[PDB]
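Index from 1, following the sequence. All heavy atoms count here, side chains included; hydrogens, waters and symmetry mates do not. Counting convention: from 1, in listed order, for ligands and their atoms alike.
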Amino acid sequence: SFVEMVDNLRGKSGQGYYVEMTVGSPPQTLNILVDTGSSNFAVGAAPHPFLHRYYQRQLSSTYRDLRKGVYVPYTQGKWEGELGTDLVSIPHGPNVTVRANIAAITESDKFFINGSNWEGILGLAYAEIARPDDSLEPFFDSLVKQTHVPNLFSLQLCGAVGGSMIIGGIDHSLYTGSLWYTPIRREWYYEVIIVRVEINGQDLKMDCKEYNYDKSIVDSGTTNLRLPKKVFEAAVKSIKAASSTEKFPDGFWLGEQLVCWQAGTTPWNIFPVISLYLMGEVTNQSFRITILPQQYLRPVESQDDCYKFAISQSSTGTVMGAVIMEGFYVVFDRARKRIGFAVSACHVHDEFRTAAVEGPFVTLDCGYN
Ligand SMILES: CC(C)[C@H](NC(=O)C[C@H](O)[C@H](COc1cc(F)cc(F)c1)NC(=O)c1cc(C(=O)N[C@H](C)c2ccccc2)cc(N(C)S(C)(=O)=O)c1)C(=O)Nc1cc(C(=O)O)cc(C(=O)O)c1
């Protein structure tokens with residue numbers, strides 16, 4: 001109903017945002033990771049060193065085994081298991097219950113995270129990247145087909161963890177400024193197009209096709225801003241440059257090690273802002289999201305302040321992870337093939353620089369084919 005949905009996501013810093021859900025009759029309560037970079041609904045369905053609870057199909061008078069197996073590889077970990085359907089509802093979501101495909105995770109490899117407090121994954125992307133193939137209708141597609149929930153969801157992910165997932169519409173009480181929309185290039189991943197990248201106003205000077213080699217995606221279930229080999233080296237080089245007045249292990253830039261400062265004395269100001277120019281809704285029109293250092297230096301667990309560098313290389317294209325999403329209010333407007341960004345209530349405060357969604361701007365394409 002909306003207020004009912006605000007603050008429906010928890011997580012522990014750096015381990016992923018989950019929403020509560022229920023599967024089966026009687027209802028079984030599970031914490032489910034919100035993942036826009038995939039398309040399978042899947043829950044642990046067997047004991048595991050990291051699972052404090054799981055799905056027990058036999059205890060469901062509504063479970064229908066589909067007799068198929070399923071394997072899902074992510075960048076990070078992987079799992080396989082048993083396909084089936086069941087009844088699913090979201091306590092602090094809309095007031096509906098839907099029959100949806102469920103993958104019962106029977107074994108997994110580096111998937112579950114110790115102390116993460118979630119036990120499954122909600123893949124909110126399109127059917128074209130469902131496993132085993134696009135015949136396996138994704139939870140959200142079931143939701144819209146089986147009910148009146150509009151084809152739309154929004155994600156307010158908070159840092160410094162909580163946030164909100166508004167299913168079915170836009171809660172205006174949760175963002176300021178205006179919504180800026182970028183076209184979903186193609187309905188598989190949420191694919192978007194980056195037309196320009198700026199660091200403290202310096203242009204990276206690359207052919208805009210490089211920012212999107214071989215795709216750019218918006219993915220609530222990846223931690224980092226991930227950048228293509230070329231773009232990444234160029235960005236690091238500029239962030240290193242602008243902060244060389246300090247010392248870092250040269251593995252810190254690969255994320256393997258931390259940097260520390262004493263409480264309240266982090267030199268935030270020597271870390272540059274990053275600006276991503278996303279393609280607009282009209283010809284030759286952009287807009288930008290600006291990303292503060294408080295966003296790409298993730299705070300990591302003595303009473304010193306320590307940070308991981310949360311920008312990493314990728315060779316499967318750009319991924320606008322939690323790093324990028326945490327500032328902003330993000331609208332996945334499926335009905336209109338577009339992704340909106342506005343600044344969030346829980347945005348990063350700093351008495352000098354602000355994260356912002358701003359525009360319009362102009363340019364003269366940038367997609368990889
Ligand atoms: C099946 C596809 C839809 C699949 N989609 C995805 O992998 C993207 C998802 O968002 C996928 C889902 O989430 C997972 C969370 C886990 F804990 C484990 C895990 F395995 C996954 N995420 C990731 O792969 C991922 C998660 C994380 C990560 O840390 N996630 C945690 C839970 C999190 C923490 C804070 C905020 C939000 C989430 C990190 C990364 N990085 C590589 S990183 C270090 O940030 O740069 C990646 C995919 O693209 N698979 C695939 C991968 C590759 C490849 O990279 O090698 C190649 C292909 C292919 O066939 O083309 C297909």
### Option among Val331, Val218, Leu9, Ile166 that satisfies the side chain to side chain contact (heavy atoms under 4.5 Å, CB included) test with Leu155
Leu9
### Query
Is it the side chain (CB and beyond), the backbone, both or neither of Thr36 that lies under 4.0 Å from ligand 1, heavy atoms counted?
neither
### Query
Does atom 51 (C) of ligand 1 have any protein heavy atom closer than 4.0 Å?
yes
### Query
If we only count N/O pairs under 3.5 Å, is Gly37 in contact with ligand 1?
yes
### Task
Under 4.0 Å, heavy atoms only, figure out whether ligand 1 is touched by the backbone of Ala322, its side chain, both or neither.
side chain
### Query
Does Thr223 approach ligand 1 within less than 4.0 angstrom via side chain, backbone, both or neither, non-hydrogen atoms only?
both
### Query
When you look for heavy atoms under 4.0 Å from ligand 1, do you find them on the side chain of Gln15, its backbone, both, or neither?
backbone
### Query
Is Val72 touching ligand 1 with its side chain, its backbone, both, or neither, if touching means heavy atoms under 4.0 Å apart?
side chain
### Query
Are any of the heavy atoms in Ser220 under 4.0 Å away from ligand 1?
yes
### Message
Checking a contact table here: which protein heavy atom is nearest atom 60 (O) of ligand 1, and how many Å away?
### Response
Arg131 NH2, 3.6 Å
### Query
Relative to ligand 1, is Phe112 under 4.0 angstrom through side chain, backbone, both or neither, heavy atoms considered?
neither
### Query
Under 4.0 Å from ligand 1, counting heavy atoms only, is it the side chain of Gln76, its backbone, both or neither?
both
### Task
Under 4.0 Å, heavy atoms only, figure out whether ligand 1 is touched by the backbone of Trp118, its side chain, both or neither.
side chain
### Message
Any protein heavy-atom neighbour for atom 9 (C) of ligand 1 (distance below 4.0 angstrom)?
### Response
yes
### Query
Looking just at side-chain N and O atoms, do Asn40 and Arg131 make a donor-acceptor pair shorter than 3.5 Å?
no
